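K.L.:
Quick one: structure below, then a few questions.
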There are 2 protein chains.
Amino acid sequence: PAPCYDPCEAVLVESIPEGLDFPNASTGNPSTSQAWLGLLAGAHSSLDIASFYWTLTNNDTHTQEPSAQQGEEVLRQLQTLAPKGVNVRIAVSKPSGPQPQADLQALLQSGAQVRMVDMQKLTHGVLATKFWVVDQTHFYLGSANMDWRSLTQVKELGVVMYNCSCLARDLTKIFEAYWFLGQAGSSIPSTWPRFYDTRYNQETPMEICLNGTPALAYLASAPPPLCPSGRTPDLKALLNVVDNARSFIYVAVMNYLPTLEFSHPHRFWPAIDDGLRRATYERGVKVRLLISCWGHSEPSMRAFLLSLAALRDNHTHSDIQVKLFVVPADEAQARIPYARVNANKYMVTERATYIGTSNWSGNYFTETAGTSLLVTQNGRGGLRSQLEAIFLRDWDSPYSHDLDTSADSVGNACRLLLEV
Amino acid sequence: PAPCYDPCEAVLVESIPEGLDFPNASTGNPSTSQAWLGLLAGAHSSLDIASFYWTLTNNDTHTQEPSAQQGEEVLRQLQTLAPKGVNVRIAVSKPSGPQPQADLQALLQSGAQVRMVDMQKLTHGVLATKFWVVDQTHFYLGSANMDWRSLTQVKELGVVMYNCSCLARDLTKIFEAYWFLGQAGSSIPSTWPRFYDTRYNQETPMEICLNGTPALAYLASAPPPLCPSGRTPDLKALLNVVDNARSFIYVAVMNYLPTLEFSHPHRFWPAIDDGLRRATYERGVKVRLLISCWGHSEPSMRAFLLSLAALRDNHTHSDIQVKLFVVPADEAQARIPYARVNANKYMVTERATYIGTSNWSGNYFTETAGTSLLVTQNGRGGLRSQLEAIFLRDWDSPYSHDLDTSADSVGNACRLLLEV
DNA sequence: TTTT
DNA sequence: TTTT
Ligand SMILES: *[C@@H]1O[C@H](CO)[C@@H](O[C@@H]2O[C@H](CO)[C@@H](O[C@@H]3O[C@H](CO[C@H]4O[C@H](CO)[C@@H](O)[C@H](O)[C@@H]4O)[C@@H](O)[C@H](O[C@H]4O[C@H](CO)[C@@H](O)[C@H](O)[C@@H]4O)[C@@H]3O)[C@H](O)[C@H]2NC(C)=O)[C@H](O)[C@H]1NC(C)=O
Ligand SMILES: *[C@@H]1O[C@H](CO)[C@@H](O[C@@H]2O[C@H](CO)[C@@H](O[C@@H]3O[C@H](CO[C@H]4O[C@H](CO)[C@@H](O)[C@H](O)[C@@H]4O)[C@@H](O)[C@H](O[C@H]4O[C@H](CO)[C@@H](O)[C@H](O)[C@@H]4O)[C@@H]3O)[C@H](O)[C@H]2NC(C)=O)[C@H](O)[C@H]1NC(C)=O
Ligand SMILES: *[C@@H]1O[C@H](CO)[C@@H](O[C@@H]2O[C@H](CO)[C@@H](O[C@@H]3O[C@H](CO)[C@@H](O)[C@H](O)[C@@H]3O)[C@H](O)[C@H]2NC(C)=O)[C@H](O)[C@H]1NC(C)=O
Ligand SMILES: *[C@@H]1O[C@H](CO)[C@@H](O[C@@H]2O[C@H](CO)[C@@H](O[C@@H]3O[C@H](CO)[C@@H](O)[C@H](O)[C@@H]3O)[C@H](O)[C@H]2NC(C)=O)[C@H](O)[C@H]1NC(C)=O
Ligand SMILES: *[C@@H]1O[C@H](CO)[C@@H](O[C@@H]2O[C@H](CO)[C@@H](O)[C@H](O)[C@H]2NC(C)=O)[C@H](O)[C@H]1NC(C)=O
Ligand SMILES: *[C@@H]1O[C@H](CO)[C@@H](O[C@@H]2O[C@H](CO)[C@@H](O)[C@H](O)[C@H]2NC(C)=O)[C@H](O)[C@H]1NC(C)=O
Ligand SMILES: *[C@@H]1O[C@H](CO)[C@@H](O[C@@H]2O[C@H](CO)[C@@H](O)[C@H](O)[C@H]2NC(C)=O)[C@H](O)[C@H]1NC(C)=O
Ligand SMILES: *[C@@H]1O[C@H](CO)[C@@H](O[C@@H]2O[C@H](CO)[C@@H](O)[C@H](O)[C@H]2NC(C)=O)[C@H](O)[C@H]1NC(C)=O
């Protein structure tokens, strides 16, 4: 199409939980809370949020952690900007049960518009996407839910893109699809209107000027029912990034399960698994797997991970490595539910970066809604280099262990590690 | 079509190498040499042989083993039956180099017809199929090459079907395809003539009366270029047998490699691997893998086998097991080249039996020619029960070891076992 | 935070 | 015996 001549800039924002201190410095990454506060402070025209759930104050969790203050602060800002004239629009997946939405109620009193999307009725999944669209110029995409633990107790990774109206407007197209599909008694059209169609897919990515240097970027979305003709499926983009790699593949995802799970009877989904095996066997790609282990991690994952870790022989010139990133939790932090975990989901190769909002399982790519950003930048350095440095800092941390590590030495409770 | 009302009978013939003594008795299986001698003695009209290579006397190997006597005896019989009026027709793959064909020369002097098939020119593989067709009534199909070591030094498994003109004639259709395609300067027709077409495929298998009880049988052939419209591909039949299983899958194959190997650069072929994983994960199928390890076994296989053996967790209700069957070899037998190995290739489920002539790798199903027999018999007992008993005798033998076994304790030289 |  |  036509190039976006916008001073597009990108920042990698990650929230580091308390008690997690990477000795290596130079991280120099703004926290998700700081980036969100900066976005809200500069918001004056519009704001579109797509969230899995909202749990910000201490009341929504019935806890008494001072650590929630930052999250509460965000809520305050969200309440202040509605009366100023900003069109706040929030899409939140419908809770299966009658869960009280205190934060949503407060926002509705403020003047925001909340349209709850009942994904189970239409596609049989949930709306687990996390992205922001501010003034149709800036946007945030990452692994952060509107929770206060995702700002202080969960580890994270997201990108805030500034001064990129074209890409932000492309992300809005998706938010508007969610907005229309979840008002009341609606269903997926056979053909989406020309409003929701896009011209920036994997075949023809958009030419942005990222930090001065030219780059090719595009957004991919799940599930296939909600994707217009132009939009590239998230699984297709992920597999293309995996296939195009020639030197290394670094992946940091929270859950990796080659199955369409929570879908009894058990169903096998070897889409991503085969791609990694092909990459590590047909080509001399060094593949590094960084999974996160917490109390709610399905144990059946471990076996599959071992199946991947066995492909490491000189004869096969294969270099698959798997490591588990476990965030330690002391007695006080163990009381917080769904608190201490690494929820980053991204993949960096030697020539491309993938930042997504959904874990790697069949549900997130067939039923559950998700969005991802793919950026290829020619030349050394850039966004890819920063993401690679982040991954290498995580990989060499004392918080990442091999699959044979005894579960006692790990700080938290790991279901993927065998005792002694 | 129309049922074959022939007193079809089936015998499982296996050659047990010297030094291999299964303490458990009741094997009661005629040796391949005895079955071949019986077939040749009763041959009076025709005889069609498809063989990878011919090496029967001691001269063809430049050795002095008395163990070759049986093989030599077979050669003598093969020379005697040509003058009697039997139309001997032999298809043998063209040796890459100018290897002397002493046995083929002797047979040509006897009066036989030898048409050497240059598979490399047409399909870029070899003619590694092993089957016999006697009087168009009896036939033999199995893992035995026209070698004297395949009768005394290599372990084997084949089926001799007696009084089954319809099935024998169906096997001839394949032999005639090989005969026509390898005379001189020929190529694969775009559409094979109606002579080579068959009506007994996986969709409509042939109804035979095996040992009195009704059964459904059909033959599958590789590679796809040589297969007529009716003929079912060998890979398709194998995958259908794997998919249809509900209780267990027992496989005894000489080489298992999920790759189109000897095809640099390395290519990934996860066709059978995914089928086994789906069977063991989606369904509660107990899968048992019995691979054979010898000096010429590619080491890169080991890693892949380990990748399969990792799928064994209660949570995954998966029961993949892998074992290596190694035939011991003393000092005297170590001198014989390509001698001490288990070359059986078959798979038995709770409702079907597969007996094939090719190992499990990409070449044998994409390029290399191969043939297999599939028999489903309703009710307990029968051919399936005997094959299952054979597999269970092999599995519990002292000659089958787990993949973690030290390579020193094994009698032979194993490239798939790590020292200490 | 998608898993009890 | 398909693998050097
Ligand atoms: C493309 O262009 C964008 C736009 O500028 C760049 O984004 C900037 O990136 C730099 C480097 O990542 C950011 O600078 C860093 O900010 C971190 C967080 O900012 C806050 O830091 C403290 C936290 O208490 C606050 O007091 C402060 O006011 C900020 O709000 C800092 O922590 C970093 O300092 C740390 O790291 C450096 C080494 O990097 C050390 O020397 C320091 O001592 C300290 O340890 C650093 O200042 C900058 O904030 C980003 N801009 C914006 C607007 O956020 C992209 O980086 C650029 N991309 C590429 C590839 O060049
Ligand atoms: C469908 O119908 C066919 C046609 O009959 C059956 O094929 C017969 O199968 C039986 C059982 O497998 C065969 O009988 C066995 O033969 C073995 C080999 O035969 C030779 O044995 C010695 C070897 O030196 C020779 O002297 C002899 O003359 C034969 O040439 C024997 O070794 C077996 O005996 C051993 O096992 C039994 C237990 O089974 C012990 O009791 C014995 O002591 C001994 O250890 C046995 O005699 C028979 O030969 C097959 N027929 C033909 C023509 O070959 C199929 O079995 C049948 N299928 C089903 C499912 O019923
Ligand atoms: C996205 O674009 C906007 C507008 O182009 C950028 O805002 C600009 O940011 C620069 C750097 O902070 C500002 O320069 C500063 O100006 C003040 C005087 O106002 C001066 O005292 C400082 O020393 C500095 O030179 C600039 O004024 C400001 N422009 C506007 C209109 O606000 C913004 O920085 C861009 N996004 C990112 C992430 O950089
Ligand atoms: C395939 O079919 C042929 C022909 O139907 C079978 O040959 C038959 O085998 C039986 C059993 O050995 C023979 O019976 C025997 O007859 C002799 C007299 O000739 C008798 O002394 C024995 O006690 C026994 O009853 C039968 O004669 C023979 N028929 C022919 C025409 O040869 C053959 O056995 C079948 N294949 C298999 C594997 O059984
Ligand atoms: C969250 O905290 C408690 C519930 O645990 C509640 O606090 C109330 O706060 C308001 C405003 O200050 C008071 O008028 C009420 O008396 C408080 N109730 C108590 C102390 O039981 C309330 O649900 C939440 N508080 C805030 C400030 O949002
Ligand atoms: C070939 O594989 C062997 C494993 O037997 C590698 O040997 C050692 O591998 C460990 C980790 O796998 C390293 O820490 C050692 O430094 C290796 N030792 C030596 C002498 O190399 C070997 O590195 C592999 N060859 C490669 C990767 O080129
Ligand atoms: C195989 O064995 C040897 C080669 O190692 C050869 O034996 C010859 O046998 C014929 C027939 O008995 C004799 O006339 C020759 O004199 C033998 N040659 C020798 C002993 O050097 C021959 O190549 C093969 N023998 C047979 C019987 O096939
Ligand atoms: C569940 O898995 C465990 C492995 O931790 C099995 O426990 C033992 O498994 C070994 C072989 O894997 C057997 O030899 C032992 O007899 C098992 N012990 C017990 C007490 O069962 C266990 O069998 C598995 N459960 C199944 C297969 O139902």
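The way I read the labels, and the way they are meant: chains A, B, ... in the order of the structure tokens, residue 1 as the first residue of every chain, and ligand 1 as the first ligand shown, with later ones counted on from there.
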Just the strand (DSSP E or B) stuff from range 143-221 of chain A, please, per backbone DSSP, written as a PyMOL selection string.
P.N.:
chain A and resi 146-147+154-155+158-162+206-210+213-221
K.L.:
If you keep N, CA, C and O atoms, can you produce a file of those selected residues as a short mmCIF file (atom, residue, chain, number, x, y, z; two decimals), in the first residue's frame?
P.N.:
```cif
data_model
loop_
_atom_site.label_atom_id
_atom_site.label_comp_id
_atom_site.auth_asym_id
_atom_site.auth_seq_id
_atom_site.Cartn_x
_atom_site.Cartn_y
_atom_site.Cartn_z
N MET A 146 -5.77 -6.49 33.00
CA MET A 146 -6.10 -5.34 33.86
C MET A 146 -6.16 -5.84 35.30
O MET A 146 -7.23 -5.77 35.90
N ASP A 147 -5.03 -6.33 35.80
CA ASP A 147 -4.92 -6.90 37.16
C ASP A 147 -3.78 -6.15 37.84
O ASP A 147 -2.96 -5.57 37.12
N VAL A 154 3.27 -10.59 38.78
CA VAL A 154 3.48 -11.44 37.56
C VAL A 154 4.56 -10.77 36.70
O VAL A 154 4.57 -9.53 36.65
N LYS A 155 5.47 -11.56 36.12
CA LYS A 155 6.54 -11.04 35.23
C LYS A 155 5.90 -10.87 33.87
O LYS A 155 5.01 -11.64 33.56
N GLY A 158 5.80 -6.62 27.14
CA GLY A 158 4.93 -5.99 26.17
C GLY A 158 5.66 -4.89 25.45
O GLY A 158 6.77 -4.50 25.82
N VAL A 159 5.03 -4.39 24.39
CA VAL A 159 5.59 -3.33 23.57
C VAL A 159 4.61 -2.16 23.55
O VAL A 159 3.40 -2.36 23.36
N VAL A 160 5.13 -0.96 23.78
CA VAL A 160 4.37 0.27 23.62
C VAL A 160 4.93 0.97 22.38
O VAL A 160 6.12 1.31 22.34
N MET A 161 4.08 1.11 21.37
CA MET A 161 4.49 1.80 20.14
C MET A 161 3.92 3.21 20.16
O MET A 161 2.70 3.33 20.31
N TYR A 162 4.77 4.22 20.01
CA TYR A 162 4.42 5.62 20.04
C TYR A 162 4.46 6.23 18.65
O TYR A 162 5.33 5.88 17.83
N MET A 206 3.32 -3.86 6.43
CA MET A 206 3.34 -2.41 6.34
C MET A 206 4.74 -1.87 6.57
O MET A 206 5.46 -2.34 7.46
N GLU A 207 5.14 -0.89 5.76
CA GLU A 207 6.47 -0.29 5.84
C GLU A 207 6.41 0.90 6.79
O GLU A 207 5.92 1.97 6.45
N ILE A 208 6.92 0.70 8.01
CA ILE A 208 7.00 1.78 8.98
C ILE A 208 8.43 2.28 9.07
O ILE A 208 9.36 1.63 8.57
N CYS A 209 8.63 3.42 9.71
CA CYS A 209 9.94 3.98 9.99
C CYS A 209 10.15 3.89 11.50
O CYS A 209 9.84 4.83 12.23
N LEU A 210 10.66 2.76 11.96
CA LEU A 210 10.82 2.49 13.38
C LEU A 210 12.16 3.05 13.84
O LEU A 210 13.21 2.65 13.33
N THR A 213 15.00 3.85 11.33
CA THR A 213 15.31 2.86 10.31
C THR A 213 14.02 2.25 9.77
O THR A 213 13.06 2.05 10.52
N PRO A 214 13.97 1.93 8.48
CA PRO A 214 12.77 1.29 7.93
C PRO A 214 12.59 -0.11 8.50
O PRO A 214 13.54 -0.80 8.86
N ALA A 215 11.32 -0.53 8.58
CA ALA A 215 10.98 -1.84 9.10
C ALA A 215 9.65 -2.28 8.51
O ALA A 215 8.87 -1.46 8.02
N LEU A 216 9.40 -3.59 8.56
CA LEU A 216 8.16 -4.17 8.08
C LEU A 216 7.40 -4.76 9.26
O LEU A 216 7.92 -5.65 9.95
N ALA A 217 6.18 -4.29 9.48
CA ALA A 217 5.41 -4.71 10.64
C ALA A 217 3.99 -5.05 10.23
O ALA A 217 3.44 -4.47 9.29
N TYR A 218 3.41 -6.02 10.94
CA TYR A 218 2.00 -6.33 10.74
C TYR A 218 1.46 -7.08 11.95
O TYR A 218 2.22 -7.67 12.73
N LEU A 219 0.14 -7.05 12.09
CA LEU A 219 -0.56 -7.66 13.21
C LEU A 219 -1.36 -8.87 12.75
O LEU A 219 -1.84 -8.92 11.61
N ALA A 220 -1.35 -9.92 13.56
CA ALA A 220 -2.03 -11.18 13.22
C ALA A 220 -3.06 -11.47 14.31
O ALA A 220 -2.78 -11.14 15.47
N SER A 221 -4.21 -12.05 13.96
CA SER A 221 -5.24 -12.22 15.01
C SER A 221 -5.89 -13.61 15.01
O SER A 221 -6.02 -14.19 13.93
#
```
K.L.:
Show which residues sit within 10 Å of residue 1 in chain C, as a VMD selection string. Count only C-alpha atoms (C1' of nucleotides), and ignore same-chain residues fewer than 2 positions away.
P.N.:
(chain A and resid 52 to 53 128 144 to 145 147 150 154 296 337 to 339 341 343) or (chain C and resid 3)
K.L.:
Keeping N, CA, C and O atoms (P, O5', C5', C4', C3', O3' and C1' of nucleotides) for every residue in the selection just given, could you write it to a file as a PDB file, in the first residue's frame?
P.N.:
```
ATOM      1  N   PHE A  52      -8.800  -9.447  29.184  1.00  0.00           N
ATOM      2  CA  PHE A  52      -9.386 -10.715  29.602  1.00  0.00           C
ATOM      3  C   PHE A  52     -10.311 -10.516  30.797  1.00  0.00           C
ATOM      4  O   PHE A  52     -11.446 -11.006  30.805  1.00  0.00           O
ATOM      5  N   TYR A  53      -9.845  -9.794  31.809  1.00  0.00           N
ATOM      6  CA  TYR A  53     -10.611  -9.556  33.024  1.00  0.00           C
ATOM      7  C   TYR A  53     -10.070  -8.299  33.684  1.00  0.00           C
ATOM      8  O   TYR A  53      -9.014  -7.787  33.310  1.00  0.00           O
ATOM      9  N   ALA A 128      -9.184 -13.648  25.453  1.00  0.00           N
ATOM     10  CA  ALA A 128      -7.947 -13.492  26.258  1.00  0.00           C
ATOM     11  C   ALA A 128      -6.916 -12.569  25.604  1.00  0.00           C
ATOM     12  O   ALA A 128      -5.720 -12.811  25.820  1.00  0.00           O
ATOM     13  N   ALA A 144      -0.197  -8.297  29.674  1.00  0.00           N
ATOM     14  CA  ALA A 144      -0.721  -7.714  30.928  1.00  0.00           C
ATOM     15  C   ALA A 144      -2.237  -7.660  30.926  1.00  0.00           C
ATOM     16  O   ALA A 144      -2.824  -7.014  30.042  1.00  0.00           O
ATOM     17  N   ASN A 145      -2.830  -8.285  31.941  1.00  0.00           N
ATOM     18  CA  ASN A 145      -4.301  -8.221  32.088  1.00  0.00           C
ATOM     19  C   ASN A 145      -4.545  -7.013  32.990  1.00  0.00           C
ATOM     20  O   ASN A 145      -3.591  -6.569  33.645  1.00  0.00           O
ATOM     21  N   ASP A 147      -5.028  -6.327  35.802  1.00  0.00           N
ATOM     22  CA  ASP A 147      -4.922  -6.897  37.163  1.00  0.00           C
ATOM     23  C   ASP A 147      -3.778  -6.145  37.842  1.00  0.00           C
ATOM     24  O   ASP A 147      -2.955  -5.569  37.119  1.00  0.00           O
ATOM     25  N   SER A 150      -0.502  -8.323  37.734  1.00  0.00           N
ATOM     26  CA  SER A 150       0.192  -8.266  36.433  1.00  0.00           C
ATOM     27  C   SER A 150       1.090  -7.030  36.393  1.00  0.00           C
ATOM     28  O   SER A 150       1.767  -6.830  35.378  1.00  0.00           O
ATOM     29  N   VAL A 154       3.271 -10.593  38.779  1.00  0.00           N
ATOM     30  CA  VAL A 154       3.478 -11.436  37.564  1.00  0.00           C
ATOM     31  C   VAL A 154       4.562 -10.769  36.703  1.00  0.00           C
ATOM     32  O   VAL A 154       4.565  -9.526  36.652  1.00  0.00           O
ATOM     33  N   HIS A 296      -0.354 -23.649  38.895  1.00  0.00           N
ATOM     34  CA  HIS A 296      -1.506 -23.939  37.998  1.00  0.00           C
ATOM     35  C   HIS A 296      -1.016 -24.468  36.645  1.00  0.00           C
ATOM     36  O   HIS A 296      -1.807 -24.469  35.679  1.00  0.00           O
ATOM     37  N   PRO A 337      -3.449 -15.248  45.232  1.00  0.00           N
ATOM     38  CA  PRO A 337      -3.817 -16.230  44.206  1.00  0.00           C
ATOM     39  C   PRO A 337      -3.477 -15.744  42.806  1.00  0.00           C
ATOM     40  O   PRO A 337      -3.724 -14.590  42.449  1.00  0.00           O
ATOM     41  N   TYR A 338      -2.906 -16.651  42.009  1.00  0.00           N
ATOM     42  CA  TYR A 338      -2.531 -16.368  40.622  1.00  0.00           C
ATOM     43  C   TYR A 338      -1.539 -15.209  40.552  1.00  0.00           C
ATOM     44  O   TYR A 338      -1.723 -14.252  39.798  1.00  0.00           O
ATOM     45  N   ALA A 339      -0.472 -15.298  41.344  1.00  0.00           N
ATOM     46  CA  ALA A 339       0.388 -14.148  41.585  1.00  0.00           C
ATOM     47  C   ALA A 339       1.792 -14.300  41.015  1.00  0.00           C
ATOM     48  O   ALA A 339       2.229 -13.453  40.235  1.00  0.00           O
ATOM     49  N   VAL A 341       4.384 -15.727  38.732  1.00  0.00           N
ATOM     50  CA  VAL A 341       4.565 -16.472  37.492  1.00  0.00           C
ATOM     51  C   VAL A 341       5.211 -15.544  36.478  1.00  0.00           C
ATOM     52  O   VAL A 341       5.163 -14.321  36.614  1.00  0.00           O
ATOM     53  N   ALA A 343       4.732 -14.499  32.751  1.00  0.00           N
ATOM     54  CA  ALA A 343       3.670 -14.582  31.758  1.00  0.00           C
ATOM     55  C   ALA A 343       4.077 -14.016  30.403  1.00  0.00           C
ATOM     56  O   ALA A 343       3.209 -13.680  29.595  1.00  0.00           O
TER      57      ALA A 343
ATOM     58  P    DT C   3      -3.796 -21.809  32.810  1.00  0.00           P
ATOM     59  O5'  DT C   3      -4.829 -22.454  33.842  1.00  0.00           O
ATOM     60  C5'  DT C   3      -4.926 -21.940  35.165  1.00  0.00           C
ATOM     61  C4'  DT C   3      -6.076 -22.584  35.916  1.00  0.00           C
ATOM     62  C3'  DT C   3      -5.934 -24.085  36.156  1.00  0.00           C
ATOM     63  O3'  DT C   3      -6.498 -24.430  37.409  1.00  0.00           O
ATOM     64  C1'  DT C   3      -7.863 -23.680  34.872  1.00  0.00           C
TER      65       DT C   3
END
```
K.L.:
Pick out the residues no farther than 8 Å from ligand 8, counting only C-alpha atoms (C1' of nucleotides) and all ligand atoms, and list them as a JSON list (two decimals) with N, CA, C and O atoms, in the first residue's frame.
P.N.:
```
[["chain", "number", "residue", "atom", "x", "y", "z"],
["B", 313, "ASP", "N", 3.39, -40.71, 30.60],
["B", 313, "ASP", "CA", 2.99, -40.09, 31.89],
["B", 313, "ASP", "C", 1.56, -40.50, 32.23],
["B", 313, "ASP", "O", 0.74, -40.64, 31.29],
["B", 314, "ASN", "N", 1.26, -40.69, 33.52],
["B", 314, "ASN", "CA", -0.12, -41.03, 33.94],
["B", 314, "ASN", "C", -1.07, -39.93, 33.48],
["B", 314, "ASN", "O", -2.14, -40.26, 32.95],
["B", 317, "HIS", "N", -1.99, -40.29, 30.16],
["B", 317, "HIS", "CA", -2.48, -41.64, 29.88],
["B", 317, "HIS", "C", -1.82, -42.21, 28.63],
["B", 317, "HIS", "O", -2.46, -42.87, 27.81]]
```
K.L.:
Expressed in Å to a single decimal, how great is the separation between atom 24 (O, counted along the ligand's line) of ligand 2 and CA of residue 77 in chain B?
P.N.:
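Taking atom 24 (O, counted along the ligand's line) of ligand 2 as the start and CA of residue 77 in chain B as the end point, the length is 19.5 Å.
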K.L.:
Near residue 2 in chain D, within 12 Å and counting only C-alpha atoms (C1' of nucleotides), which residues show up once chain neighbours fewer than 3 positions away are dropped, as a short mmCIF file (atom, residue, chain, number, x, y, z; two decimals) with N, CA, C and O atoms, in the first residue's frame?
P.N.:
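Writing done, so here's out_38.cif:
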```cif
data_model
loop_
_atom_site.label_atom_id
_atom_site.label_comp_id
_atom_site.auth_asym_id
_atom_site.auth_seq_id
_atom_site.Cartn_x
_atom_site.Cartn_y
_atom_site.Cartn_z
N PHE B 52 15.55 -57.93 -3.67
CA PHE B 52 16.48 -56.81 -3.62
C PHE B 52 17.81 -57.18 -4.26
O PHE B 52 18.34 -56.43 -5.09
N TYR B 53 18.36 -58.33 -3.89
CA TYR B 53 19.65 -58.79 -4.39
C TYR B 53 19.71 -60.30 -4.23
O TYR B 53 18.87 -60.90 -3.56
N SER B 93 16.85 -55.56 -8.39
CA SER B 93 17.27 -54.17 -8.54
C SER B 93 18.68 -54.09 -9.10
O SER B 93 19.56 -54.90 -8.77
N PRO B 95 22.37 -53.26 -9.40
CA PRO B 95 23.40 -52.80 -8.48
C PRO B 95 24.02 -51.52 -9.03
O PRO B 95 24.27 -51.44 -10.25
N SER B 96 24.23 -50.54 -8.16
CA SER B 96 24.85 -49.26 -8.59
C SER B 96 26.17 -49.56 -9.32
O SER B 96 26.34 -49.06 -10.46
N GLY B 125 15.15 -44.55 -6.37
CA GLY B 125 15.24 -45.45 -5.24
C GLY B 125 15.77 -46.82 -5.63
O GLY B 125 16.53 -46.94 -6.58
N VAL B 126 15.36 -47.85 -4.90
CA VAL B 126 15.75 -49.22 -5.20
C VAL B 126 14.51 -50.10 -5.16
O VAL B 126 13.45 -49.71 -4.68
N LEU B 127 14.66 -51.32 -5.69
CA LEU B 127 13.59 -52.31 -5.67
C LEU B 127 13.76 -53.22 -4.46
O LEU B 127 14.03 -54.42 -4.55
N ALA B 128 13.49 -52.71 -3.26
CA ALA B 128 13.75 -53.49 -2.03
C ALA B 128 12.56 -54.35 -1.59
O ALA B 128 12.41 -54.54 -0.38
N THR B 129 11.75 -54.82 -2.55
CA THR B 129 10.58 -55.66 -2.22
C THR B 129 11.00 -57.12 -2.21
O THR B 129 11.90 -57.47 -3.01
N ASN B 145 15.67 -61.66 1.88
CA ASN B 145 16.29 -61.36 0.56
C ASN B 145 16.84 -62.70 0.09
O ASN B 145 16.99 -63.61 0.92
N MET B 254 12.84 -53.06 11.63
CA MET B 254 14.29 -53.08 11.72
C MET B 254 14.86 -51.68 11.89
O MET B 254 15.80 -51.47 12.67
N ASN B 255 14.32 -50.70 11.17
CA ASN B 255 14.79 -49.32 11.22
C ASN B 255 13.59 -48.39 11.30
O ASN B 255 12.68 -48.48 10.47
N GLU B 261 15.69 -39.82 4.83
CA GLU B 261 17.16 -39.79 5.05
C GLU B 261 17.96 -40.04 3.77
O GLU B 261 17.36 -40.08 2.69
N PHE B 262 19.27 -40.21 3.92
CA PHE B 262 20.14 -40.35 2.73
C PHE B 262 19.55 -39.45 1.65
O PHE B 262 19.36 -39.90 0.50
N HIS B 296 25.34 -51.40 11.46
CA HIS B 296 25.01 -50.49 10.34
C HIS B 296 23.77 -49.65 10.67
O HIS B 296 23.17 -49.06 9.75
N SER B 297 23.40 -49.59 11.95
CA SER B 297 22.22 -48.79 12.38
C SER B 297 22.62 -47.31 12.50
O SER B 297 23.62 -47.03 13.20
N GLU B 298 21.87 -46.41 11.86
CA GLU B 298 22.22 -44.99 11.90
C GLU B 298 22.07 -44.46 13.33
O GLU B 298 20.99 -44.60 13.92
N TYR B 338 27.06 -58.05 7.22
CA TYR B 338 25.61 -57.88 7.14
C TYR B 338 24.89 -59.15 7.58
O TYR B 338 24.01 -59.66 6.88
N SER B 358 9.43 -53.40 3.91
CA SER B 358 10.28 -52.21 3.95
C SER B 358 10.29 -51.63 5.36
O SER B 358 9.29 -51.66 6.07
N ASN B 359 11.45 -51.08 5.74
CA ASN B 359 11.59 -50.43 7.03
C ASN B 359 10.76 -49.15 7.06
O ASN B 359 10.14 -48.75 6.07
N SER B 361 10.87 -45.54 7.10
CA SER B 361 11.56 -44.30 6.83
C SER B 361 10.96 -43.69 5.58
O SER B 361 10.22 -44.35 4.84
N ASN B 363 12.17 -42.85 2.71
CA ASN B 363 12.56 -43.40 1.42
C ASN B 363 11.70 -44.60 1.05
O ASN B 363 11.28 -44.75 -0.11
N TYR B 364 11.43 -45.48 2.02
CA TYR B 364 10.70 -46.71 1.73
C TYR B 364 9.25 -46.45 1.33
O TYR B 364 8.61 -47.35 0.77
N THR B 368 11.51 -45.77 -2.48
CA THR B 368 11.83 -47.19 -2.54
C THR B 368 10.57 -48.02 -2.69
O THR B 368 9.56 -47.78 -2.03
N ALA B 369 10.63 -49.02 -3.57
CA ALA B 369 9.49 -49.89 -3.80
C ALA B 369 9.29 -50.83 -2.62
O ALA B 369 10.26 -51.29 -2.01
#
```
K.L.:
Taking 3 positions as the minimum chain separation for residues in the same chain, which residues sit within 8 Å of residue 166 in chain A when counting only C-alpha atoms (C1' of nucleotides)? Answer as an NGL selection string.
P.N.:
:A and (4 or 137 or 169-170)
K.L.:
Could you pull out the residues sitting within 10 Å of ligand 1, using only C-alpha atoms (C1' of nucleotides) and all ligand atoms, and write them as number ranges by chain?
P.N.:
A: 7-13, 25-31, 34-35, 38, 160-163, 210-213, 380-387
K.L.:
Mind running chain B against ligand 7 at 10 Å and telling me each contacting residue's nearest atom pair with the distance in Å (one decimal), counting only C-alpha atoms and all ligand atoms, chain and number ascending, as a tab-separated table?
P.N.:
```
residue	atom	partner	partner_atom_place_in_ligand_line	distance
B:57	CA	ligand 7	1 (C)	7.2
B:58	CA	ligand 7	1 (C)	6.4
B:59	CA	ligand 7	1 (C)	4.7
B:60	CA	ligand 7	1 (C)	8.2
B:61	CA	ligand 7	5 (O)	9.6
B:62	CA	ligand 7	5 (O)	6.7
B:63	CA	ligand 7	5 (O)	8.0
B:64	CA	ligand 7	5 (O)	8.2
B:72	CA	ligand 7	28 (O)	9.2
B:102	CA	ligand 7	23 (O)	9.3
B:103	CA	ligand 7	28 (O)	9.9
B:106	CA	ligand 7	28 (O)	9.9
```
